[PDB]
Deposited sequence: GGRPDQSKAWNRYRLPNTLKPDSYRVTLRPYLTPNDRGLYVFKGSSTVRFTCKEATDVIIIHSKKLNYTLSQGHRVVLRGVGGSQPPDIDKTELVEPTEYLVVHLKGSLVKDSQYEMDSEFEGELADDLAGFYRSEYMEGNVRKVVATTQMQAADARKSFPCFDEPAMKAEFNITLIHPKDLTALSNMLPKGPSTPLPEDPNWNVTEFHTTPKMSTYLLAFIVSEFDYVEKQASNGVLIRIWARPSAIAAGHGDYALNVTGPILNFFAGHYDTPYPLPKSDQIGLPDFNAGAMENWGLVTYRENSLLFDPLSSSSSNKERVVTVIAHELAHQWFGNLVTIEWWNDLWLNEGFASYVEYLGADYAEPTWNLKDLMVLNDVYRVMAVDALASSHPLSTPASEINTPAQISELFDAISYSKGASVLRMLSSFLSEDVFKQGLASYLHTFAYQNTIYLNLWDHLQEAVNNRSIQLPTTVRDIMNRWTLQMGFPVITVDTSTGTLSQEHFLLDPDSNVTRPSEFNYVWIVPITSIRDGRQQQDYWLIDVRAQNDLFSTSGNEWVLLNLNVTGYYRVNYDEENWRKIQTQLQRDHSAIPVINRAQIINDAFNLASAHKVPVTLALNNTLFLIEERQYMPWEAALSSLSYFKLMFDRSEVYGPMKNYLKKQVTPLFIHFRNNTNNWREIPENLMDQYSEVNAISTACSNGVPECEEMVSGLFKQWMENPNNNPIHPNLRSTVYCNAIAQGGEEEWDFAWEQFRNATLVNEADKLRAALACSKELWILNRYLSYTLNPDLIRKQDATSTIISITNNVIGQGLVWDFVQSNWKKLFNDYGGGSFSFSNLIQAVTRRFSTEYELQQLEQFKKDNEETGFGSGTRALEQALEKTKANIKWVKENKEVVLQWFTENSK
């Protein structure tokens, strides 16, 4: 009944909260029913802004103690007189506690509501929840929180929308021998509980005005390491005592303060709090969460062993720390009005993470990785017709499933990509200047995307920056409509044309656009290696002699891929570009060498160039040593693997990659003094790993000897691991694939007795590389036993099994038979996306259409859009294998000789 307010998903405008006090008490031992529980109480003070005879507040999985026959007590403020409560009810679909009143509240009068409640402290990584670990033979239980997006309501009743900002007075009641942590510092030292001195009471300073999704409460036996930042903020890194004593927090300590100070100076906006805690939880869903003053991490995003974690693990830590600290401005100080503008939080933090990580590790040149890790990662999905705009109409985002669906590559990686492009056309100094104004103006308030254009417009006006039109009109093209253009260059005439790039030209684009899928595009270009003047494309088609060539001249568009567009050239320019790559590839910038590879493979898939042109662009890689062009190639050819690794085409494909990678493999064997050293440059270290992994995947026998001998050497001396962490992931998987039950059993025990999570992660993925099907079935049964694989790792491990060609059918059959049970008990989106990406036949399509029909009434929640994208990709794959199988088979045979 949508006529009733409590059956609608958005809160009424009638009540606004002002402040809360919440007291929570986790019981870290099971009760007689076997449950871990927390007991709690709250008072919210709120103002009536419009007269109403109902209070609607959020409540999820909370059981209420009855006071005076009702779930709440309602009190007046300043002499206001509340009506009697007629009835209270819980409405589960919309997650409401509804308090029905015998009369209306009074406009502008304040009121206070008291509640007393209980909840499960579940192993579900949501709300107020339990995380577990072993300390010797003793299992420790931690109470910890995850509120974003809509789970604060699961710890205490609140007006759980991000624009319902308020201040919070937190009290935690905890065992006397455990520390309690929250957003703020304690108001004073922890006192015994009068009723039972085995418990203590800790009360925390009032928070700033804040969104409910940023609250955090933690009770643990954790120790910590401490350092005071250059801006006076106290930084602590919290983890399991054994991890802190070993030093696994020391790298996070070294970087957290400096990065926070860097962002404060960069944006001319102080971090407004006395301390920022960073805490690593054994059980944690999303990697990290930006709670104001109490940032929570997955262990593999915070802890780091310098002798056993890899350079990619180190890059992960500093990147996630920089990402969460970015949210302290973009997300905590200034917050989205509603979840449909999520990119204002996550796109900014995905862009700004590279500035902070570059500051702490300037020798890594991480900013260049944004093209592979963000631009090309998201253009894969944004080329579908089942994509969505950066900013989605707010009327369309209502349910928690719809909200969770937006924590996706569009909000993160495309948000980051347009900010990369937006911070390139106008100066970064000009950019940061407009963002400082924005942060100052909306501090402790909420924003929509139109507020961002205004403050950037002030910065361009004040900096005398010339633009083809307003910041507003340029960036709405990239924000209010989905997708991106392909820019097609005719270099005989210098003509540019743009159109909406789609993976399948027969896809049905049904979402309308008020710009009819035309963009305003900043064009950078180089000629023969020299950068030309900038150009702005304003029409669908235009001419400038910047794009005209004669003779031996070649031009490229999108230097270093700062723009969010793909480029196609005429037949002559392509052939000159390919000639340049053969003669001297160094004349083309390293990022644009990856652009040439990645665009051609995507253009070919869209029937805009011949697939043999895309493949010919990979011929020079036999003499390529840089990480990035190889990684763009291996990434684009992972589609070819997915389409062909069950078919006769796979042999020749592996034959080609063997021929292309073998010189680079021999080079690294030499350059590393037989794998005894690792390169100094970070990109060179990643190139080495890609060369080894590609060599072993495609059957270079020197690699297969190398990895199995190392792993045999490890098994003979288990306490002295002879494999450098950079190679562990590739060495472990290939040794397991080549090995038997003994290699698998050894790595399984090493996973169970692991003390570093960075090490368990490598073993957990590698165990899915078994070629025995009975082993993969046993491993799949393990992934759903929480005593064996943590619930936070179940999907991640199932996906590693589906990436195994032997596991593909096992997991797809598992998904089809157990969907109802699984769903009623975990990223359904990522599982659907991974289990279906091999689909290239009408038979796989009818299973998918039937999988939809069979489960339409349970629904798919936040997997709903991944299902539609799987349907669109599968249809395109059927056509693509039809049109390309023989051409690709023959090309690989001819060029692997």
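When the deposited sequence is numbered from 1, the segments without any C-alpha atom are 1-4, 830-834.
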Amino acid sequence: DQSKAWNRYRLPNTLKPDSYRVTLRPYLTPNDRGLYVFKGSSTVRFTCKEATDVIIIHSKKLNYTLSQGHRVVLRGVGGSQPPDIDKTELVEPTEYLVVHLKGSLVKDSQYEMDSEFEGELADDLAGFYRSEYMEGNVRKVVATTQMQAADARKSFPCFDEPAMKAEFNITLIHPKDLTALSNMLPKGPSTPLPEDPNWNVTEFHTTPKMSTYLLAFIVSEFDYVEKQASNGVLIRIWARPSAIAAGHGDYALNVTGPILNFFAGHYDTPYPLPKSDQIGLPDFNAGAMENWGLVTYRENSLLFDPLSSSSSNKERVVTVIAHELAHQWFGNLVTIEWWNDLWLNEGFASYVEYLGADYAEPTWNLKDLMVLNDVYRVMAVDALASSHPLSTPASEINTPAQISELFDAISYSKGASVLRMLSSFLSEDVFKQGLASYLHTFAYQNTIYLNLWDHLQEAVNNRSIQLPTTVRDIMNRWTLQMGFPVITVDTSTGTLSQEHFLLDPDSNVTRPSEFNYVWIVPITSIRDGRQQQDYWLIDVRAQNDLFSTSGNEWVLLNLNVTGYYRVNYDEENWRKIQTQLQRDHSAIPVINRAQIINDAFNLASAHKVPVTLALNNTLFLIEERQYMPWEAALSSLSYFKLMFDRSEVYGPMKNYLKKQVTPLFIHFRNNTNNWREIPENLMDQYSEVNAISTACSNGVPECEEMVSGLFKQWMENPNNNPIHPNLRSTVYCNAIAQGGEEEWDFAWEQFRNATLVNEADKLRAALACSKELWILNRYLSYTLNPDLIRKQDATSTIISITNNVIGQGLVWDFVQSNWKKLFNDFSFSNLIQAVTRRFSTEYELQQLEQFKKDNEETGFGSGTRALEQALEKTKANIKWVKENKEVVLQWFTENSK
From here on, numbers count along this sequence of modelled residues.
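In the comparison with other entries of the same protein, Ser492 is given coordinates in all of those covering both sides of it, so it never reaches the one-third threshold. Per the compared records, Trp574 is resolved in all of the other entries whose models span it, so no third of them omit it. Comparing the deposited coordinates for 801-809 and 661-669, the stretch with the larger average C-alpha B-factor is 661-669. Just going by the entry, 615-623 versus 492-500 on mean CA temperature factor gives the higher value to 492-500. Listed residues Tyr650, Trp748, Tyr354, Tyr569 were ranked by CA B-factor as deposited; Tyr569 comes out on top. Considering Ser770, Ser693, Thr470, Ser311 together, the PDB entry gives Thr470 the largest C-alpha B factor. Among the modelled residues of its chain, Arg240 has a C-alpha B-factor that falls in the lowest third according to the deposited record. Among the modelled residues of the chain, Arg33 sits in the highest third by CA temperature factor in this PDB entry.
Annotation for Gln68: CA B-factor lies in the highest third of the chain's modelled residues. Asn830: CA B factor in the highest third of modelled residues in this chain (values from the PDB entry). Sorting the modelled residues of the chain by their CA temperature factor places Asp645 in the lowest third.
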